[PDB]
Amino acid sequence: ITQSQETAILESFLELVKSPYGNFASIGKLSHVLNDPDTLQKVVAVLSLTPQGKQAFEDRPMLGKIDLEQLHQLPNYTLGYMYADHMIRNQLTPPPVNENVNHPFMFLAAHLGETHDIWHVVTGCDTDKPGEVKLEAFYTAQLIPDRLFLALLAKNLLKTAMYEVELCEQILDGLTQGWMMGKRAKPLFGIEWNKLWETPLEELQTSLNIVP
Amino acid sequence: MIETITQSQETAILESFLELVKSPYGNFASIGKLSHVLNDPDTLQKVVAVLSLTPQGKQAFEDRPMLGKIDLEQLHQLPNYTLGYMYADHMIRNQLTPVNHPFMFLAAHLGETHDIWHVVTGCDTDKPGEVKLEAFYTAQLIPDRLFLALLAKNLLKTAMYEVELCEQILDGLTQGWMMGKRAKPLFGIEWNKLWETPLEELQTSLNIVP
Ligand SMILES: CCCCCCCC/C=C/CCCCCCCC(=O)O
Ligand SMILES: CCCCCCCC/C=C/CCCCCCCC(=O)O
Ligand SMILES: [Cl-]
Ligand SMILES: [Mg+2]
Ligand SMILES: [Mg+2]
């Protein structure tokens with residue numbers, strides 16, 4: 001990499017070390033500079049080696065508009081109930097329906113962006129700090145050879161060492177668990193979640209080889 | 001964290017971390033500079049106190065046991081299965097070469113047994129082996145901050161410069177972390193009187209399962 005690209009990476013990395021979790025603007029900035037088109041094409045090609053991956057780039061399945069209230073009426077063992085409950089408790093607002101996902105790079109980012117909270121629920125990762133690290137290790141296992149989630153792991157390890165080292169064991173226990181769970185699970189990329197709202201979460205996890 | 005990391009400490013820690021990111025592995029100078037600003041005396045005091053909770057830890061700060069001079073050639077005359085031979089062999093193959101205050105003993109004991117921890121834990125010398133060993137250290141030296149920050153810098157270096165190692169690097173981290181929590185404390189061991197112990201028996205005694 002050029003010295004210029006390197007300084008933009010390190011500057012974004014420093015902003016993430018110094019700011020709270022969930023700094024999506026700086027994560028996006030780090031992403032732009034860290035995952036270049038060559039990296040993104042290799043991720044697209046790897047994900048495309050499975051039939052579910054290949055089809056998802058062809059069909060570009062999107063979530064669509066989500067009715068949190070209606071999902072919250074489902075039986076409380078379903079994916080739909082659990083997802084809605086996760087959104088209420090964490091004060092999260094569902095993703096805005098997006099339309100420009102033509103290029104594979106744009107579908108990759110839009111699909112992963114809008115299903116982030118669903119992957120939280122399906123992998124069983126809490127939204128506390130060790131749970132975010134756990135989910136990032138899970139992403140790292142599934143999106144090889146991506147660079148972003150590896151760097152997000154690094155940023156959270158440094159943040160732990162500098163500001164809150166009492167969390168060390170819980171943070172590395174989470175990273176360790178999400179890495180192993182990520183290697184063992186089936187690919188989550190490309191799944192059409194809005195057809196699974198009434199599926200019981202535990203059976204969905206079992207069929208995905210997720211053992212929470 | 002109840003103690004402060006001041007603005008000034010944060011600035012010095014980040015500058016030291018950036019130099020480690022831009023330098024190759026094995027920069028023991030720059031690692032010492034990160035250590036000095038990151039493991040400040042409050043942290044070193046807690047590490048000493050935590051390590052002194054065991055009898056071997058307490059004794060090690062009293063007696064301050066040091067390796068002393070070591071004759072690699074003589075150690076390399078021992079049976080193949082021994083710690084002494086295995087260590088000497090490790091030094092020869094990689095062409096490596098080998099205090100009254102608690103914080104000074106702490107740093108000098110860990111610095112001089114670093115190669116021995118490599119041998120005893122079974123960590124290779126390549127980059128994934130260093131990360132494995134670093135994870136082993138952060139399991140054993142809670143509430144230290146240096147080794148966690150060293151994991152962070154090697155994950156960032158992998159993301160930026162050598163992403164194809166990602167799998168090996170996180171497999172190494174994961175194995176070292178688990179092995180480190182499961183093993184008995186390695187700190188404070190007088191290795192100079194274990195050279196003739198078969199390495200595999202010493203590992204069993206220490207609950208090290210490679
Ligand atoms: C494989 C290439 C990936 C490029 C697209 C990445 C965009 C995916 C969007 C989901 C990112 C969610 C990560 C947010 C973590 C917040 C916790 C933290 O601050 O560490
Ligand atoms: C608990 C307080 C620790 C204070 C002692 C600090 C020094 C410890 C001994 C040095 C360990 C060397 C580990 C460095 C591995 C080199 C690979 C790399 O560059 O990442
Ligand atoms: Cl939650
Ligand atoms: Mg979420
Ligand atoms: Mg999250």
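All heavy atoms count here, side chains included; hydrogens, waters and symmetry mates do not. Here is how names work: the chains are called A, B, and so on, in the same order as the sequence lines, proteins then strands, and each is numbered from 1.
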Measuring from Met106(A):CE to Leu40(A):CG, what's the distance to the nearest 0.5 Å?
11.5 Å
Between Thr115(A) and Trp119(A), do the side chains contain a donor N or O and an acceptor N or O under 3.5 Å apart?
yes
Heavy-atom check, side chain of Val101(A) versus side chain of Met62(A), under 4.5 Å
yes
Could you walk me through whether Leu199(B) and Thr82(B) pass the side chain to side chain contact (heavy atoms under 4.5 Å, CB included) test, one step at a time?
CA-CA 5 Å; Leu199(B) 174 56; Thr82(B) 59; over 6 Å; no
What distance do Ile169(B) atom CD1 and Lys127(B) atom NZ have between them, rounded to the nearest 0.5 Å?
8.0 Å
Report yes if the distance between the aromatic ring centroids of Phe103(B) and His101(B) is under 6.0 Å, otherwise no.
no
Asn98(A) (side chain) donor-acceptor with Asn100(A) (main chain) under 3.5 angstrom
yes
Nearest heavy-atom approach of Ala141(A) to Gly182(A) is CB-C, 3.5 Å
Hey, does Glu132(A) have a side-chain heavy atom less than 4.5 Å from the side chain of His120(A)?
yes
If you measure from the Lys or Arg side-chain nitrogens to the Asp or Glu carboxylate oxygens, is any gap between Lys42(A) and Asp146(A) under 4.0 Å?
no
Under a 3.5 Å distance rule, please check whether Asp126(A) uses its side chain to pair with a backbone N or O of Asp128(A) as donor and acceptor.
no
Looking only at non-hydrogen atoms, find the nearest pair between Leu20(B) and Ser30(B) and report the distance.
CD2-CB, 3.7 Å
Looking at the rings of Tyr83(A) and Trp197(A), which for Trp means the six-membered one, are their centres under 6.0 Å apart?
yes
Give the intermediate values and the outcome of side chain to side chain donor-acceptor pair (under 3.5 Å) for residues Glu19(B) and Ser16(B).
CA-CA 5 Å; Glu19(B) 305 178 26; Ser16(B) 194; 5.7 Å; no
Under 3.5 Å side-chain donor-acceptor pair for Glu6(A) and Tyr161(B):
yes
Looking only at atom types and distance, does a side-chain atom of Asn194(A) sit under 3.5 Å from a main-chain N or O of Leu63(A), one as donor and one as acceptor?
yes
Within-4.5 Å side-chain heavy-atom neighbours: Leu34(B) and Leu150(B):
yes
Hey, could you give me the CG/OG1 distance between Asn94(B) and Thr125(B), rounded to the nearest 0.5 Å?
4.0 Å
Could you tell me if the side chain of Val37(B) sits less than 4.5 Å from the side chain of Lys33(B), heavy atoms only?
no
Verify the distance criterion only: is there a donor paired with an acceptor across the side chains of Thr174(B) and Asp171(B) at less than 3.5 Å?
no
Stepwise, does the side chain to side chain donor-acceptor pair (under 3.5 Å) test hold for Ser19(A) with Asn23(A)?
CA-CA 7 Å; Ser19(A) 63; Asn23(A) 185 350; 2.8 Å; yes
Do we see a donor-acceptor contact under 3.5 Å between the side chains of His72(A) and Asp85(A)?
yes
Under 3.5 Å, is there a donor-acceptor pair between the side chain of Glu166(A) and the main chain of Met1(B)?
yes
Donor-acceptor contact present, side-chain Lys157(B) to main-chain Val21(B), <3.5 Å
yes
Which pair of non-hydrogen atoms, one from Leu14(B) and one from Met162(A), has the smallest distance, and what is that distance?
CD2-SD, 3.7 Å
Could you tell me which non-hydrogen atom of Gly131(A) sits nearest to which non-hydrogen atom of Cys125(A), and how far apart they are?
O-CB, 3.7 Å
Looking only at heavy atoms, the pair that brings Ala152(B) and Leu158(A) closest together is CB-N, 3.6 Å
Take the angle between the ring planes of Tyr137(B) and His114(B) and call it parallel below 30°, perpendicular above 60°, tilted in between.
parallel
Interatomic spacing from CE in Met181(A) to CD1 in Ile210(A) - rounded to 0.5 Å:
7.5 Å
Assign the ring pair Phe105(B) / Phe61(B) to parallel, tilted or perpendicular, where the plane angle (0 to 90°) is split at 30° and 60°.
perpendicular
Decide whether a cation-pi geometry holds between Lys153(B) and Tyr25(B); the criteria are a distance under 6.0 Å from NZ or CZ to the six-membered ring centre and an angle within 45° of the ring axis.
yes
Are the side chains of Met180(A) and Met178(B) in touch, meaning some heavy atoms are under 4.5 Å apart?
yes
Close side-chain approach of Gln142(A) and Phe189(A), heavy atoms under 4.5 Å
no
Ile9(A) and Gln5(A): side chain to side chain contact (heavy atoms under 4.5 Å, CB included), yes or no, with the steps?
CA-CA 6 Å; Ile9(A) 290 173; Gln5(A) 184 184 344; 4.1 Å; yes
Check whether any side-chain N or O of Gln73(A) sits under 3.5 Å from a backbone N or O of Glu69(A) as a donor-acceptor pair, and report yes or no.
yes
Report yes if the side chains of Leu68(A) and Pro94(A) come closer than 4.5 Å at any heavy-atom pair, otherwise no.
yes
Crowded around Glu198(A) CD? As in, over 12 foreign heavy atoms under 6.0 Å?
no
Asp40(B) and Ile5(B): side chain to side chain contact (heavy atoms under 4.5 Å, CB included), yes or no, with the steps?
CA-CA 9 Å; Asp40(B) 65 354; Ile5(B) 170 178; over 6 Å; no
Under a 4.5 Å cut-off applied to non-hydrogen side-chain atoms, are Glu134(B) and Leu148(B) in contact?
no
Between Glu58(A) and the options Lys54(A), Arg60(A), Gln55(A), the side chain to side chain donor-acceptor pair (under 3.5 Å) test singles out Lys54(A)
Kindly indicate, with the supporting measurements, whether the criterion side chain to side chain contact (heavy atoms under 4.5 Å, CB included) is fulfilled by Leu204(A) and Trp193(A).
CA-CA 11 Å; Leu204(A) 217 208; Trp193(A) 301 106; 3.9 Å; yes
Using the test ring-ring contact (aromatic ring centres under 6.0 Å, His included), find all partners of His32(A) that sit at least two apart in sequence or belong to another chain.
none
Drop me the distance from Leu47(A)'s CG to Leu143(A)'s CG, to the nearest 0.5 angstrom.
6.0 Å
Does the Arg145(B) side chain pair with the main chain of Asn39(B), one donor and one acceptor, at a distance under 3.5 Å?
no
Over 12 non-hydrogen atoms of neighbours within 6.0 angstrom of CD in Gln70(A):
no
I'd like to know if the side chain of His86(A) pairs up with that of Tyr81(A) as donor and acceptor (distance under 3.5 Å, no hydrogens or angles considered).
no
When rounded to the nearest 0.5 angstrom, what is the spacing between CG in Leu172(A) and OG1 in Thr138(B)?
5.0 Å
Could you tell me which residues satisfy salt bridge (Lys or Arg N to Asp or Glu O under 4.0 Å) with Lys65(A), sequence neighbours excluded, listed by chain and number?
none
Could you report the tightest heavy-atom contact between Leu165(B) and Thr158(B), atom names first, then the distance?
C-CG2, 4.1 Å
Can you check whether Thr123(A)'s main-chain N or O pairs, donor with acceptor, with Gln205(A)'s side chain at less than 3.5 Å?
no
